[PDB]
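Student: What would the 3D arrangement of this be:
(one chain, ligands or ions: 4)
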Amino acid sequence: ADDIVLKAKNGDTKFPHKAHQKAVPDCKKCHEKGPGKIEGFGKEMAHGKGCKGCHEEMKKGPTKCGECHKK
Ligand code: HEC
Ligand code: HEC
Ligand code: HEC
Ligand SMILES: C[C@H](CCC(=O)O)[C@H]1CC[C@H]2[C@@H]3CC[C@@H]4C[C@H](O)CC[C@]4(C)[C@H]3C[C@H](O)[C@]12C
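Tutor: Residues are numbered from 1 along each chain as shown. Ligands and ions are numbered 1, 2, ... in the order given. Right below this line is the structure:
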């Protein structure tokens, strides 16, 4: 499958899967979640444990605006 880009108004946010599969061998951090996770995602999740919060917790990955958001 292909990587996905989230169409944030302030700048596209790419999600590169290969880097994540490699750096987060605990797949259940994102996979086999209960229902609702597709509908549930948004800015609040993304800036929390959905994206940015994990980067902060794991001490690796982009945490600055212009590192995730790219026109
Ligand atoms: C969130 C940070 C994830 C982690 C950690 C892992 N996966 Fe993932 N996966 C995630 C998304 C959002 C997607 C769809 C978008 C995409 O970029 O592909 C996927 C997709 C997969 C797939 C299909 C990929 C393909 O190239 O066909 C597989 C087979 C998969 N994920 C498995 C997988 C495993 C085994 C992981 C742990 C080692 C793992 N993923 C981590 C989100 C996230
Ligand atoms: C943990 C459960 C994570 C979640 C959820 C998300 N990301 Fe992540 N990401 C994580 C780690 C540990 C790393 C480091 C990978 C490395 O090898 O450095 C990353 C990395 C990124 C990157 C940069 C990829 C690179 O080539 O260095 C990007 C652009 C990124 N992450 C974006 C991103 C987005 C948009 C997420 C939500 C949709 C997201 N990540 C979730 C760990 C985790
Ligand atoms: C990755 C780890 C991010 C960092 C660091 C920042 N943002 Fe973000 N943002 C991210 C994603 C994946 C999304 C989209 C959520 C979704 O609905 O799919 C967003 C969203 C926004 C938005 C809203 C955009 C819209 O609704 O169209 C804004 C205004 C925004 N982000 C701004 C922003 C700023 C100013 C940041 C630094 C302070 C910042 N983001 C960090 C991912 C990530
Ligand atoms: C469920 C995990 C981890 C965050 C959490 O614990 O909720 C999060 C991390 C990244 C999230 C995905 C980002 C790309 C997509 C954004 C869409 O708007 C909704 C579906 C997708 C596919 C999201 C589904 C799900 O919401 C994921 C995989």
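Student: Quick check, the residue in this structure closest to ligand 4?
Tutor: Closest contact between the chain and ligand 4, by CB to the nearest ligand atom, is at residue 41 (3.6 Å). Backbone N, C-alpha and C define where each C-beta goes, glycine included.
Student: mind listing what that residue touches?
Tutor: residue 50 (CB atoms under 8 Å, 6 or more residues apart in numbering).
Student: and it, what are its phi and psi?
Tutor: With angles defined as degrees, to the nearest 10, residue 41 sits at phi -70, psi 150.
Student: How much space separates it from residue 63?
Tutor: Distance, residue 41 to residue 63, by CB to CB, to the nearest Å: 18 Å.
Student: Then residue 70?
Tutor: Taken as CB to CB, the span from residue 70 to residue 63 is 15 Å.
Student: tell me which parts of the chain are close to ligand 3?
Tutor: 6, 8-10, 13, 41-43, 46-47, 51-52, 55, 62-65, 67-69 (CB under 6 Å from any ligand atom).
Student: go again using 8 Å as the cut-off
Tutor: 6-11, 13, 15, 41-43, 45-47, 50-52, 55, 61-69 (CB under 8 Å from any ligand atom).
Student: ok, and of those, which contact ligand 2?
Tutor: Among these, ligand 2 is touched by 6, 13, 15, 41, 46, 50-52, 55, 61-62, 67-68 when using CB under 8 Å from any ligand atom.
Student: quick one: contacts for the nearest residue to residue 51 once chain neighbours are set aside?
Tutor: Closest residue to residue 51 apart from its sequence neighbours, by CB to CB, 6 or more residues apart in numbering: residue 68 at 7.0 Å. If a contact means CB under 8 Å, 6+ apart, then residue 68 has 13, 51, 52, 62 as its contacts.
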